[PDB]
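Since the structure comes first, as structure tokens, the remarks are kept for the end.
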Ligand SMILES: Nc1nc(=O)c2ncn([C@@H]3O[C@@H]4COP(=O)(O)O[C@H]5[C@@H](O)[C@H](n6cnc7c(N)ncnc76)O[C@@H]5COP(=O)(O)O[C@@H]3[C@@H]4O)c2[nH]1
Ligand SMILES: [Zn+2]
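In the UniProt record's numbering, the protein residues as written are 162 to 256, 259 to 521.
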């Protein structure tokens, strides 16, 4: 526990780097919001509130940042890419929109949208003269256009259609927070927009470049900051839970494991979204603030680690919002690599976590 307090103390020692670093990110992002609004399609574009540093800037890892550009898109009609409960075709309600230039039938093409997004951004980068910034569009069908700044700091930018209609059927039994946050809050949250991002649905070898995927990062941000059964959790000397510290340690335990196997990238498919998602399932499972007292940090950390282990062991980690979307299927992650991480976390848990030593 005091070993873990030590670990949290160290992480705090870099709270000011990711302060100044994030101020660069916010600075560049604003340049983009200007040029994109000039375009007719992306006219009503704006920043989505998903991050802690500077209100729109999310931190996934040290020196990795994350921004969502939301775009209001009236009259959405969804067609599920069937049996893949998170992936959707997108249609307008038949009568005209400016997004017209991206249709492929009755369908809004994701990659067609993504392509113009990119040329607009790549064009602003080829113009700015103060800083050296570059493009890194590399990874496997990601919706993220990724900028790199002064060879140190990297930003994921995501286009996000905003639908203000009722969440789709695949989320009906998701966001199971009624025991934790309340039936009341779940109705409030599920009244809020949802977002579609242009991560395409695989077709085996390639993709289906007209399919979007659901996102709820703004809900994730809210249930992280408004995290207690008590409405006054973490607001006074008497209600200090360790919920946020427990998510930080989990994210950090994954990053340290990832460095140790930097040789062959044996764990490269694991992700802080996996640790976050699993941490939400624990909160659902332990709903009371009494179950996250601050002086019980070591116990709470174990609770998080075992459920993660169990998720790796069972090859099942449900998306928090779409219960039939299994982030740990073999569609997505090989049997072999999940075995790998179970062995290394199991050992880490059984020996007071030597990965956190000096
Ligand atoms: N900035 C950003 N926002 C996204 O929504 C997102 N979705 C994918 N990616 C990247 O595309 C690639 C494809 O991974 P896949 O989608 O098959 O599994 C993903 C994805 O299902 C899930 N995930 C990550 N972010 C989100 C998110 N905001 N909403 C839902 N699921 C997410 O966790 C898995 C690990 O992905 P990452 O390894 O962290 O980055 C992925 C990866 O590079 C994203 N990058
Ligand atoms: Zn709290």
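Using N, Cα and C, we set each Cβ at its ideal position, and we do this for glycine too.
The beta strand (DSSP E) enclosing residue i, as first and last residue numbers
{"i": "residue 296", "result": "296 to 298"}
When the options are compared against residue i, the one with the closest alpha-carbon
{"i": "residue 203", "options": "241, 276, 246 and 227", "result": "276"}
{"i": "residue 230", "options": "205, 474, 270 and 220", "result": "205"}
{"i": "residue 374", "options": "174, 241 and 198", "result": "241"}
{"i": "residue 509", "options": "223, 470, 344 and 342", "result": "470"}
{"i": "residue 269", "options": "259, 253 and 261", "result": "253"}
{"i": "residue 354", "options": "262, 442 and 328", "result": "328"}
{"i": "residue 437", "options": "401, 495 and 427", "result": "495"}
{"i": "residue 441", "options": "251, 306 and 475", "result": "475"}
{"i": "residue 364", "options": "249, 454 and 315", "result": "249"}
{"i": "residue 225", "options": "185, 345 and 400", "result": "185"}
{"i": "residue 274", "options": "251, 287 and 417", "result": "251"}
{"i": "residue 388", "options": "167, 214, 177 and 263", "result": "214"}
{"i": "residue 245", "options": "227, 380 and 486", "result": "486"}
Bridge partner(s) assigned by DSSP for residue i
{"i": "residue 325", "result": "233 and 358"}
{"i": "residue 207", "result": "231"}
{"i": "residue 376", "result": "248 and 360"}
{"i": "residue 503", "result": "Note: residue 503 sits in no beta bridge, so no partner."}
{"i": "residue 402", "result": "399"}
{"i": "residue 489", "result": "481"}
{"i": "residue 309", "result": "319"}
{"i": "residue 283", "result": "Answer is none; residue 283 lacks a bridge partner."}
{"i": "residue 238", "result": "252"}
{"i": "residue 218", "result": "214"}
{"i": "residue 371", "result": "364"}
{"i": "residue 226", "result": "220 and 318"}
{"i": "residue 270", "result": "252"}
Residue i classed as buried or exposed, judged by whether at least 16 other C-beta atoms fall within 10 angstroms
{"i": "residue 430", "result": "buried"}
{"i": "residue 362", "result": "buried"}
{"i": "residue 550", "result": "Absent from the model: residue 550. The displayed extent of the chain is 162 to 521, so no value can be given."}
{"i": "residue 395", "result": "exposed"}
{"i": "residue 452", "result": "buried"}
{"i": "residue 409", "result": "buried"}
{"i": "residue 247", "result": "buried"}
{"i": "residue 267", "result": "exposed"}
{"i": "residue 319", "result": "buried"}
{"i": "residue 405", "result": "buried"}
{"i": "residue 195", "result": "exposed"}
Distance, residue j Cα to residue i Cα
{"i": "residue 323", "j": "residue 360", "result": "5 Å"}
{"i": "residue 491", "j": "residue 296", "result": "34 Å"}
{"i": "residue 343", "j": "residue 279", "result": "42 Å"}
{"i": "residue 493", "j": "residue 500", "result": "10 Å"}
{"i": "residue 290", "j": "residue 284", "result": "10 Å"}
{"i": "residue 313", "j": "residue 298", "result": "12 Å"}
{"i": "residue 456", "j": "residue 464", "result": "11 Å"}
{"i": "residue 341", "j": "residue 350", "result": "10 Å"}
{"i": "residue 439", "j": "residue 473", "result": "15 Å"}
{"i": "residue 209", "j": "residue 421", "result": "29 Å"}
{"i": "residue 461", "j": "residue 480", "result": "23 Å"}
{"i": "residue 446", "j": "residue 425", "result": "31 Å"}
{"i": "residue 265", "j": "residue 189", "result": "27 Å"}
{"i": "residue 315", "j": "residue 515", "result": "33 Å"}
{"i": "residue 302", "j": "residue 308", "result": "10 Å"}
{"i": "residue 163", "j": "residue 428", "result": "31 Å"}
{"i": "residue 271", "j": "residue 260", "result": "11 Å"}
{"i": "residue 383", "j": "residue 255", "result": "33 Å"}
{"i": "residue 305", "j": "residue 217", "result": "20 Å"}
Near ligand 3: residue i beta-carbon under 7 Å from a heavy atom
{"i": "residue 409", "result": "Ligands in the displayed structure: ligand 1 and ligand 2; ligand 3 is not one of them."}
Bounding residues of the alpha helix (DSSP H) (the contiguous stretch that carries residue i)
{"i": "residue 166", "result": "163 to 173"}
{"i": "residue 454", "result": "No alpha helix (DSSP H) holds residue 454; DSSP gives it neither H nor E."}
{"i": "residue 351", "result": "346 to 352"}
{"i": "residue 443", "result": "435 to 448"}
Interface flag, residue i vs chain C, CB-CB below 8 Å
{"i": "residue 220", "result": "Here there is only one protein chain, and chain C is not present."}
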